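Student: Take this structure, written in structure tokens, and hold onto it; I'll ask about it next.
Taken together, the values in this text are just the output of simple stated rules run on the coordinates, not laboratory data. Cβ placement follows ideal geometry from the backbone for every residue including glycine, while neighbour counts extend to all protein chains displayed.
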Amino acid sequence: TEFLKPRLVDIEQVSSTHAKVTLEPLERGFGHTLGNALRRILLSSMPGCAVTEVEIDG
Amino acid sequence: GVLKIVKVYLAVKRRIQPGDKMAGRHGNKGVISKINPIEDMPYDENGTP
């Protein structure tokens with residue numbers, strides 16, 4: 001059996017807005033196993049900082 | 001006139017592929033747009049897609 005390795009990645013960058021990763025090559029359902037993965041992880045499994053409570057005073 | 005005739009019998013299997021018009025019995029036509037891998041198939045609680 002022969003496996004293939006992910007290579008060539010185009011880091012398309014625009015300041016702080018977006019970066020678009022273009023990686024080749026993938027197979028039958030590999031753009032899925034990869035894409036879907038990042039999504040759920042970047043949503044409910046990614047550490048970060050944000051306000052939780054704000055007591056004005058009165 | 002044609003004293004000797006030779007009729008050949010070839011054999012060619014033609015399978016099912018994206019683009020073939022398929023339907024049913026109750027009058028529901030259609031054409032397979034893209035036969036996708038069983039890995040994109042929505043499965044129930046069981047696991048059978």
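Student: So for segment A:30-37 (the condition being surrounded by 10 or more Cβ atoms within 10 Å (Cβ to Cβ), within 14 Å of chain B (Cβ to nearest Cβ) and over 14 Å from the mean Cα position of the chain (by Cα)), does at least one residue qualify?
Tutor: Yes - at least one qualifying residue is present in segment A:30-37.
Student: Out of the residues in segment B:24-37 that are out of contact with any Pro (no Cβ under 6 Å at 6 or more places or on another chain) and within 14 Å of chain A (Cβ to nearest Cβ), state the one that is nearest to A:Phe30 (Cα to Cα).
Tutor: As a first pass, look at segment B:24-37 and keep what is out of contact with any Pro (no Cβ under 6 Å at 6 or more places or on another chain): B:24-31, B:33, B:36-37.
Those still in the list that are within 14 Å of chain A (Cβ to nearest Cβ) too: B:36-37.
Numbers: B:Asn36: 13, B:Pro37: 11 Å.
The residue in question is B:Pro37.
Student: Within 14 Å of another protein chain (Cβ to nearest Cβ), within 22 Å of B:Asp40 (Cα to Cα), out of contact with any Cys (no Cβ under 9 Å at 6 or more places or on another chain) and assigned to a helix (DSSP H, G or I) - does that describe any residue in segment A:13-28?
Tutor: Scanning segment A:13-28, I find no residue that is within 14 Å of another protein chain (Cβ to nearest Cβ), within 22 Å of B:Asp40 (Cα to Cα), out of contact with any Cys (no Cβ under 9 Å at 6 or more places or on another chain) and assigned to a helix (DSSP H, G or I), so the answer is no.
Student: Okay, next question. Output the number of the condition that B:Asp44 fails; it satisfies all remaining conditions of (1) part of a loop (DSSP other than H, G, I, E, B); (2) within 14 Å of chain A (Cβ to nearest Cβ).
Tutor: (2)
Student: Looking at this structure, is B:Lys21 without any contact (Cβ under 8 Å) to a residue 24 or more places away in the chain, touching a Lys or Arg at 6+ places or on another chain (Cβ under 8 Å), more than 14 Å from chain A (Cβ to nearest Cβ) and not acidic (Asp, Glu)? Explain how you work it out, then say what you get.
Tutor: Working: without any contact (Cβ under 8 Å) to a residue 24 or more places away in the chain: yes; touching a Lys or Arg at 6+ places or on another chain (Cβ under 8 Å): yes; more than 14 Å from chain A (Cβ to nearest Cβ): yes; not acidic (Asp, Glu): yes.
When the stated conditions are applied, B:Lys21 passes them.
Student: Kindly indicate whether B:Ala11 is in a loop (DSSP other than H, G, I, E, B), surrounded by 10 or more Cβ atoms within 10 Å (Cβ to Cβ) and either under 16 Å from the mean Cα position of the chain (by Cα) or among the aliphatic types (A, V, I, L, M) (or both). Please lay out each step first, then the result.
Tutor: Values: in a loop (DSSP other than H, G, I, E, B): yes; surrounded by 10 or more Cβ atoms within 10 Å (Cβ to Cβ): no; either under 16 Å from the mean Cα position of the chain (by Cα) or among the aliphatic types (A, V, I, L, M) (or both): yes.
For B:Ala11, the condition - in a loop (DSSP other than H, G, I, E, B), surrounded by 10 or more Cβ atoms within 10 Å (Cβ to Cβ) and either under 16 Å from the mean Cα position of the chain (by Cα) or among the aliphatic types (A, V, I, L, M) (or both) - is not met.
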